Amino acid sequence: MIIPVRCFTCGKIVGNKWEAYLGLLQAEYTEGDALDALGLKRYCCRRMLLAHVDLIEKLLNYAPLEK
Amino acid sequence: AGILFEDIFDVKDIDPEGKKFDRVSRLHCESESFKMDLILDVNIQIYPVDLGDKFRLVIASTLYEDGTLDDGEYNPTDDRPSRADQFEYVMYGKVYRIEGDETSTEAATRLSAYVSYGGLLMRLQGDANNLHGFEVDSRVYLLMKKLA
Amino acid sequence: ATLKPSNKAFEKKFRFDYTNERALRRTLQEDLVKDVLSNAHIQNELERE
Amino acid sequence: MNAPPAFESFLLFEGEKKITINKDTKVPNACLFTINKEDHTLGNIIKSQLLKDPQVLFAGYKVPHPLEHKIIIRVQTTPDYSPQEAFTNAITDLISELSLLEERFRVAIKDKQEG
Amino acid sequence: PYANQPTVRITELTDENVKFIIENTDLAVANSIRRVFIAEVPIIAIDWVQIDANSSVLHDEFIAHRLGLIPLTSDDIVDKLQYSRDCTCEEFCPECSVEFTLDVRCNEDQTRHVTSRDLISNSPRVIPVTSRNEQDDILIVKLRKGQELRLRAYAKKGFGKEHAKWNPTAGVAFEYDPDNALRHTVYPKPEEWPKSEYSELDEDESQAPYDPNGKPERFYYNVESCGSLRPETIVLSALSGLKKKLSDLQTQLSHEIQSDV
Ligand SMILES: [Zn+2]
Ligand SMILES: [Zn+2]
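Structure determination for this PDB entry is given in the record as cryo-EM, at a resolution of 3.3 Å.

Below, the structure is given as structure tokens:
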């Protein structure tokens, strides 16, 4: 759903990398260059950022229960 | 003082049938003082052996220079005089077969003693007059030393 | 061990040979060898067997 | 539904002897140190440090079961020595190792921070 | 019959990782040190949450778990704080915990990103790593216009053995014998394997020759910190923790010997 906080394998913080990763993709970076620029060297952290599906942005399109 | 065999074995071949294992190699050797063929398995990883080397093999029932049976136990905290210090390669095995050329009526002139050093096998075949102390189910050593 | 072997092998492997003093000497101790060679009752029992 | 609490791995449940010594009768001068709420972190170092002792004839450790959090260390020494004394010297030596390594690491850290 | 005399050589030291080499030590000691780096270095991590209001699309357990994984600065305070289990107080106190609070409401039309910057702590020494003045703030949850999230967390002192959130490392690259001299591994085709960064061999060579008299020495380490503890403080706390574990074990041992003596 939302970007995890730690990498499941090693434990590196990735929760603060999602927005930067998207900003780089919109900045015409390749997924590899972006993951390197963010400092994600292990392929486990690269897996975390490269395989994530941000569904929360679509769950926020539904009106809430309380206004 | 317990020694059951002692002779030099000029190495004549190593793994003639091809290298089957990695840290072990089969040596086909022959002596000069007694003319006894030998097929031995050694750990060439820690004790490398080259074609043409010459070593002294001393098959003994105990390592202690004085006649004294062993307990078959590993006790490295034993400072009594052991004959292993004067050698390089030392093995410990048991005789599991002694073949020969004995017939229904004639005795055995040629023998072939097989020993197993925890898997590393040796076949020492030659004249029976020199392999009289070899008996099956008997713990023995190797005491192999390479010389020039 | 007594099904496939031919008659010749069967006899050479199962008929106790009590006439070969040399073979008896090697396989059996002196007392046994002398008893087997001399006593005829033992030989007859072996043949019956 | 049956998940044991995570603190069970290190915290002793109650009235639990952190360490128990049982004299082994199979061979002389041998003992079994059953340590509770421990794992390979200490079992391995203690085994290694006992193996370094020339008066120790046997030194090994095991974890009887990964779900359980106990460890068994078997120690056999020469008759003039004792397994309890061996275990005590092994721990003292490991402590000295960690003290010295910590001191040298502080020194290295300072030297690197300055230049 | 006694201890060895290990040495240390730091080859790189930064705010993110520390790369060092330990020599004249046993493999068991080096492995235990790595295991302590991973599982037995105490740090401060949220371990108690009280959701007073949560209208977001993520349920309470999800928000709690996500807050738990947020690293908190634990450099010098973790040594002062005690374990909540050992503290003789009521629910909490400044000696055994650090209060946090969060109160966010999306009043605007744009999505509100609840980040670690919204975690207000009562102690200025314990704050989110992203909050220590680069790296962006950890994202806790996104909120829609009209949604609200209000909670009250408490951080505790713990180590990795209790939960992964109390693991201060983001990777401990432990290596030894870069050139396979001890032959602890057996490469079927040594030419097909790459060279370790700590390897000292010509490119024409694949692995060093076998050393029968060799013993594992010169262990290389690369302790990448998550942010809670400085990379060197992780090592110091690990060595001190392992020495304390051995000291307490020695106390129990002596008490057991004198039990029978
Ligand atoms: Zn990772
Ligand atoms: Zn308290």
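*Asks:* Outline the interface of chain E and chain D, listing residues and values.
*Replies:* With 44 residues of chain E at the contact, the number on the chain D side is 46 residues. Three residues stand out in chain E for area buried against chain D, namely E:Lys161, E:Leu246 and E:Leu249, and they jointly supply 15% of the buried area on that side. Our count for the chain E to chain D interface comes out at four salt bridges. Here D:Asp39 ties to E:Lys161 by a salt bridge, and the two come within 3.8 Å at their closest N and O atoms. Elements with a minimum of two residues in the side of chain E that touches chain D: β1 (7-13), β2 (17-23), α1 (27-39) and α3 (231-260) of chain E. The element best represented in the side of chain E that touches chain D is α3(E), accounting for 16 residues. Class assignment for the residues of the side of chain E that touches chain D results in 22 nonpolar, eleven polar and eleven charged.

*Asks:* Tell me about the coordination of the zinc ion (ligand 2), and please be specific about residues and values.
*Replies:* Where a metal carries four tetrahedral donors, each ideal angle is 109.5 degrees; where it carries six octahedral donors, the ideal angles are 90 or 180 degrees. All names here are of chain E. Protein-derived coordination of the zinc ion (ligand 2) comes from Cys87 (SG), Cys89 (SG), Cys93 (SG) and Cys96 (SG), at a distance range of 2.3 Å. Considering all four donor atoms around the zinc ion (ligand 2), the spread of angles at the metal, 105 to 112 degrees, places the coordination shape in the tetrahedral class. On the primary sequence, the residues serving as donors to the zinc ion (ligand 2) are separated as C-x1-C-x3-C-x2-C. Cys96 shares its class with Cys87; the two are buried.

*Asks:* Got a sec to walk through the sheet that holds strand β3 (residues 56-62) of chain D? Specific residues and values, please.
*Replies:* The four strands are arranged β1-β2-β4-β3 (chain D) in an open sheet whose pairing can be described as antiparallel. The sheet is open, and its two edges are formed by β1 (19-23) and β3 of chain D, each paired on a single side. Neighbour to neighbour, the strand axes of the sheet diverge by 15 degrees on average, direction disregarded. Here helix α2 (residues 83-114) of chain D sits on the sheet and contacts β1, β2 (30-36), β3 and β4 (70-77) of chain D; the angle it forms with β2(D), its principal contact strand, is near 50 degrees. The strands that α3(E) touches are β1 and β2 of chain D; relative to β1(D), the one it contacts most, it runs at about 45 degrees.

*Asks:* Lay out the coordination of the zinc ion (ligand 1) with the relevant residues and their values.
*Replies:* All names here are of chain A. Listed as protein donors to the zinc ion (ligand 1) are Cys7 (SG), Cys10 (SG), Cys44 (SG) and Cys45 (SG); their distances from the metal cover 2.3 Å. Between consecutive donors of the zinc ion (ligand 1), the numbers of intervening residues give the motif C-x2-C-x33-C-C. Each of the two residues, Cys44 as well as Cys45, counts as buried.

*Asks:* Before we move on, could you go through a negative patch on the surface and cite the residues and values that matter?
*Replies:* All names here are of chain B. On the surface, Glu65, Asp66, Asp78, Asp79 and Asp85 cluster together into a negatively charged patch. Within the secondary structure layout, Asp66 lies in the loop between β4 (54-57) and β5 (92-100). For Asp66, a relative accessible area of 58% gives the class exposed.

*Asks:* Before we move on, can you summarise the packing of aromatic side chains with the specific residues and values?
*Replies:* Overall, the coordinates contain 24 aromatic pairs over all chains when judged by the stated rule. Aromatic pair E:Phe174 and E:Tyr221: ring centres 5.3 Å apart, planes at 65 degrees, arrangement edge-to-face. Placement of the pair is E:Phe174 in the loop between β9 (169-172) and β10 (219-225) and E:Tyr221 in strand β10, with a sequence separation of 47 residues. Put simply, the rings of D:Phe105, E:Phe20, E:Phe37, E:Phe174, E:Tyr176, E:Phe219 and E:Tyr221 touch in pairs and so form one group of aromatic residues. A cation sits over an aromatic face here: B:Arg80 above B:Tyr64, 4.8 Å from the ring centre. In this structure, B:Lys146 is placed above the aromatic ring of B:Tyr47, and the distance from its NZ or CZ to the ring centre is 5.4 Å.

*Asks:* Go over the nonpolar core, please, and point to the residues and values.
*Replies:* Counting residues in each nonpolar core, the largest one holds 104 residues, and the members touching the most others are D:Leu50, D:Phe87 and E:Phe20. When residues are assigned to domains, this core turns out to be shared by domain 1 (1-42 + 165-261) and domain 2 (43-164) of chain E, each giving three or more. Counting residues in hydrophobic clusters, the runner-up holds 31 residues, among them B:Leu38, B:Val42, B:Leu124 and B:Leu142.

*Asks:* Which residues make up unusual backbone geometry, and what are the values?
*Replies:* It is generally the case that most residues other than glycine have a negative phi and that most peptide bonds are trans. Residues and elements named next belong to chain B. A positive phi angle is found at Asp137, which is not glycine, with a value near 55 degrees. For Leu143, which is not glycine, the phi dihedral falls at a positive 50 degrees. Residue position: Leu143 is located in the loop between β8 (139-141) and β9 (144-147). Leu143 gets classed as buried once you look at its relative accessible area, which sits at 0%.

*Asks:* Any chance you could break down the sheet that holds strand β4 (residues 98-105) of chain E for me, citing the residues and the numbers?
*Replies:* Residue and element names in this part refer to chain E. Pairing is antiparallel across the open sheet formed by four strands, whose spatial order is β3-β8-β4-β6. Only two strands of the sheet have a single neighbouring strand rather than two, namely β3 (43-54) and β6 (120-121). When β4 meets strand β8 (residues 148-158), the two strands line up antiparallel, connected through eight bridges. Across the sheet, residue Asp103 finds its bridge partner in β8, namely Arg150. Strands β3 and β8 of the sheet are contacted by helix α2 (residues 60-68), whose axis makes an angle of about 155 degrees with β3.

*Asks:* So, the pattern of salt bridges: which residues are in play, and what are the values?
*Replies:* According to the stated counting rule, one finds 36 salt bridges over all chains in the structure shown. For B:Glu30, the salt bridge is made with B:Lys35, and the minimal N-O distance between the two is 3.8 Å. The class of B:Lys35 is partly exposed, set by a relative accessible area of 47%. A salt bridge links B:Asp137 to B:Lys94; its shortest N-O distance comes to 3.3 Å. With B:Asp137 in the loop between β7 (120-127) and β8 and B:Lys94 in strand β5, this pair connects stretches of sequence that are 43 residues apart. A residue is classified by how much of its surface remains accessible, and B:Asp137, at 56% relative accessible area, is exposed. Using a relative accessible area of 25% as the deciding quantity, one classes B:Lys94 as partly exposed. Three or more residues are tied together by salt bridges with common partners; here these are A:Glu19, A:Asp54, A:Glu57 and E:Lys142.

Cut-off values and rules
Residues numbered from 1 in each chain as written, not as in the entry; some residues may be left out. Chains lettered and ligands numbered in written order. Part of a larger assembly, values for the part shown. Heavy atoms only, no water. Contact = heavy atoms within 4.5 Å. Buried area = accessible area lost by both parts, 1.4 Å probe. Salt bridge = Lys/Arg side-chain N within 4 Å of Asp/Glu carboxyl O. Helix = DSSP H or I, 4+ residues; strand = E, 2+ residues; numbered from the N terminus. Nonpolar A, V, L, I, M, F, W, Y, C, P; charged D, E, K, R; others polar. Donors = N, O, S within 2.8 Å, 3.2 Å for Na, K, Ca; no water. Tetrahedral: all angles 85-135°; square planar, octahedral: opposite > 155°, others 65-115°. Buried < 20%, exposed > 50% of the residue type's maximum accessible area, 1.4 Å probe, protein only. Pairing = 2+ DSSP bridges. Axes fitted to C-alpha atoms, helices over the stretch in contact; angles between N-to-C directions. Patch = residues over 30% accessible without salt bridge, like charges linked within 9 Å, V, L, I, M, F, W, Y side chains within 5 Å. Areas by Shrake-Rupley, 256 points an atom, 1.4 Å probe, with all protein chains shown as cover. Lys, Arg positive; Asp, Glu negative; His and termini not counted. Charge placed at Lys NZ, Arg CZ, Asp CG, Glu CD. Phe/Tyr/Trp six-rings, centres within 6.5 Å; stacked < 30°, edge-to-face > 60°. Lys NZ or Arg CZ within 6 Å of the ring centre and 35° of its normal. Core = buried A, V, L, I, M, F, W, Y, C linked by side-chain atoms within 4.5 Å. Domains from an automatic or database assignment.

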